[PDB]
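Below, in C-alpha cells: the form deposited in one PDB entry, a single chain.
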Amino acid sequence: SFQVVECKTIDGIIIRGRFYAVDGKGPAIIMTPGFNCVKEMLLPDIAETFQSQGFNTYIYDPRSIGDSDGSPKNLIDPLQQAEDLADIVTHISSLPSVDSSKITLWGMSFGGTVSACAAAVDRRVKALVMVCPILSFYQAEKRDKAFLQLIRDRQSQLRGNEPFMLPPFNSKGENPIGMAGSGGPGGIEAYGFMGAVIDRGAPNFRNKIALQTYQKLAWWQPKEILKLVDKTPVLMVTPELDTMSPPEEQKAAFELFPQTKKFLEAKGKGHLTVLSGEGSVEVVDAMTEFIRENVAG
C-alpha cells in the first residue's frame, strides 16, 4: 500500500507522489518517471517489489505534470526537475520510516538522465540507477526550423497567447526536434504508448507538452553533467533493442564512469519493455541487489 506524500520546492511548488512505506526505518528509493510520464505508468509494479524487499519507495509526478504543481503545464525542464529532486530528497529524508543515510535515486528513460544530474550535486544520493537513459534530443537537420518555431512561440506569447502545446509524438511518430526515435520505429511506438494511456490510473495524464520544452532541451548538455558523477555508485540498465535511445550512446556514457558501477543489458527489450515481460523479475532483483551492496549506511 501507499500514501500520498507531497514535497515543497524552494519556489513554493508542491510535488505530489505515492510513498510506499516500510515498517521501522529503512532505505528509500526515489523514482523519477520518463518524458511527460505520470507516476502511475509502469512504476507502481516496481515500487511494490521495492517495498516488499524493504525499500521505502517514492514515485512522483515531476513539476507541471500529472498531480503536481507547476506552470506552464507539461513544460519539461530537465534542469528544474534535477533541482526539484534535491528538495524531494530533503522531504523524503525527513519521513519517520526513512533512513536519511540510505537514499537512492532511480530514473527511467528521460528520468534516469534527470536523476544523474541531481546525483551530480547532492552527496545525500548514495546510489544512482538509470534505466534506458536518453542522452541526446536534436537531429541536426531539424535544429534551425525548431529554433525558429520556438522564437515564434515566444513572439505569440508576448502578444498575449498561451504557450503552444503539441503531442510529444504525432501519428507519424515524429516531433519538431527529432527526439526519442522520431522518424523511426521508436517514435511510432512512443506515439502508441502515449496515446494508449487511454485507460484509468491517472486523471491528470495529459498527452501534450509545451513547445518551450524544446528550448530547455536545447540548453541541456547531460553528457557533460554525467561527467560530474564521479563518486556515486551507478547501475545502468540498457535495452538491447532500444529504438528511442541508442544503446551505444548509453554505453558510451557508462564507460566514462570511474567509480563503482554495473551495466545490465536487457536482451531483446526496447525502451518501453525493458522492465516488462520475461527477464523483468531478474532485472528488478538486480537493482535491489546493487542498492543493497552499495547503500549500506
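Residues carry their position along the shown sequence, with the first being 1.
Higher-scoring stretch by recorded Cα B factor average, 189-197 or 156-164: Taking the mean B-factor of the alpha carbons in each, 189-197 is higher.
Between 283-291 and 11-19 (mean CA B-factor, as deposited), the higher: Of 11-19 and 283-291, the stretch with the higher C-alpha B-factor average is 283-291.
Identity of residue with top Cα B-factor, from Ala28, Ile59, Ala266, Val234: In the PDB entry, the greatest C-alpha B-factor among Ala28, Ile59, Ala266, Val234 is found at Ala266.
Member of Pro78, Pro133, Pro222, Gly183 with the greatest C-alpha B factor (per the PDB record): In the PDB entry, the greatest C-alpha B-factor among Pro78, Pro133, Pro222, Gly183 is found at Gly183.
Where the record places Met41 (Cα B-factor, split into thirds across the chain): Its C-alpha B-factor, which the entry lists for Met41, ranks in the middle third among residues of this chain.
Chain-relative CA temperature factor third for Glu174: Tercile = highest for this residue's CA B-factor.
Assigned third (lowest, middle, highest) for the C-alpha B factor of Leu272: Its C-alpha B-factor, which the entry lists for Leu272, ranks in the highest third among residues of this chain.
Cα B factor band for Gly70 (lowest, middle or highest third within the chain): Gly70: CA B-factor falls in the middle third of its chain.
Chain thirds of CA B-factor: placement of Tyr138: Its C-alpha B-factor belongs to the middle third of this chain's values.
If you look for the form solved in complex with a small molecule, you will not find it shown, but the lines that follow are about it.
Partner contact for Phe35 in the entry with it bound: the small molecule, 4.5 angstroms, heavy atom: Contact with the small molecule, yes.
Residue contact check: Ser280 to the small molecule in the entry with it bound, 4.5 Å heavy atom: Judged by the heavy-atom cut-off of 4.5 Å, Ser280 is well away from the small molecule in the entry with it bound.
Residue contact check: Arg63 to the small molecule in the entry with it bound, 4.5 Å heavy atom: Close contact is absent here: in the entry with it bound, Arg63 is far from the small molecule, nothing within 4.5 Å, heavy atoms only.
The small molecule contact in the entry with it bound: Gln81, any heavy atom under 4.5 Å: It does not: once the small molecule is placed as it appears in the entry with it bound, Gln81 has no heavy atom within 4.5 Å of it.
Contact at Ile29, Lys126 and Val284 by the small molecule in the entry with it bound, all three, heavy atom at most 4.5 Å: So, no: the whole triplet misses the small molecule.
In the entry with it bound, the one of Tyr138, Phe193, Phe164, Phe205 near the small molecule [non-hydrogen atom within 4.5 angstroms]: Selected option: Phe193.
Heavy atom within 4.5 Å of the small molecule in the entry with it bound - residue from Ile46, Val237, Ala253, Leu272: Of the candidates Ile46, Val237, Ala253, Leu272, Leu272 is the one lying within 4.5 Å of the small molecule in the entry with it bound.
Residue stretch of 36-44, 226-234, 63-71, 261-269 approaching the small molecule in the entry with it bound, non-hydrogen atom distance within 4.5 Å: Residues of 36-44 come within 4.5 Å of the partner.
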